[PDB]
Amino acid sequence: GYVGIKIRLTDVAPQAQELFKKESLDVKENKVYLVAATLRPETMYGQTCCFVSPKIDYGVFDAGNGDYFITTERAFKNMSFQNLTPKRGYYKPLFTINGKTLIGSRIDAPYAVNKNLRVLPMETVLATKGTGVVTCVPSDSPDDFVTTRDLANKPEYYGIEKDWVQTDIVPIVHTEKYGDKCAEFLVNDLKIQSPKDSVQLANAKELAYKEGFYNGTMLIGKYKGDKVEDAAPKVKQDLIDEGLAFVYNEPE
């Protein structure tokens, strides 16, 4: 399974405003969330944006009790089978929305120390994995770092504005092998120049995880100074207790 991170949609992008208005779904009154799937809840302090795929047609689903989730239909269907939605096996969204239509939207990500976060495009989101929504932690995720780099280097070309992408990375996890921004270290060390270098990125991802999780120390938050291995389950439970996240499993 995954930890679903409830990223609050505070302001919708101009191209999506006419869509949300037609549905009578005010993001100021109602709680509309992009639900990002993560296995690294301890890294939520370093969220710099939320990624959606331009290729994916997301659903806006009734999550019950005034909540609304933006995910793939596959993911929401899975959530319905484990008491996270109003009705078991019901997964028709209120409406469908392409990832491109959400780009530029403003969001509030749980535990993120950086402010003024935006929804940005990620071309390499695997549509059949998790929720199809990926939160961006460039300090420790090689995929997120390489995607952020390309967006920051040619923002207008990528259909975004300069101020929407954040490059001033706040360190979250200290490591002995790769310093305090292991993803930056590893992307440079392995000379990964494109987000589509899947084989090398998978290598970097695993190296970053093993060192950061098993040997890393938290640099921020309630568990600053603690080993990541000890802190991670505590951060996860805190997020769940505070209504900012939840766990959900998949078939098989």
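Residues carry their position along the shown sequence, with the first being 1.
Query raised in the report: Can you tell me which stretch has the higher mean Cα B-factor, 132-140 or 72-80?
Result: Averaged over C-alpha atoms, the B-factors run higher in 72-80.
Query raised in the report: Of the two stretches 205-213 and 26-34, which shows the higher Cα B-factor on average in the entry?
Result: The stretch with the larger average C-alpha B-factor is 26-34.
**Report entry** Out of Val119, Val173, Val113, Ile160, highest CA B-factor residue
**Finding:** That would be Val113, according to the entry.
Query raised in the report: Compared with the other modelled residues in the chain, in which third is the CA B-factor of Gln200?
Result: Answer is middle: the recorded C-alpha B-factor places it there.
Requested in this report: Can you work out whether the C-alpha temperature factor of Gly221 puts it in the lowest, middle or highest third of the chain?
Outcome: CA B-factor rank for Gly221: middle third.
Query raised in the report: Based on the entry's values, in what third of the chain does the Cα temperature factor of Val60 lie: lowest, middle or highest?
Result: Answer is middle: the recorded C-alpha B-factor places it there.
Query raised in the report: Would the CA B-factor of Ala109 place it in the lowest, middle or highest third of its chain?
Result: Middle third - that is where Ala109 ends up once the chain's C-alpha B-factors are sorted.
Query raised in the report: Based on the entry's values, in what third of the chain does the Cα temperature factor of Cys182 lie: lowest, middle or highest?
Result: Lowest third.
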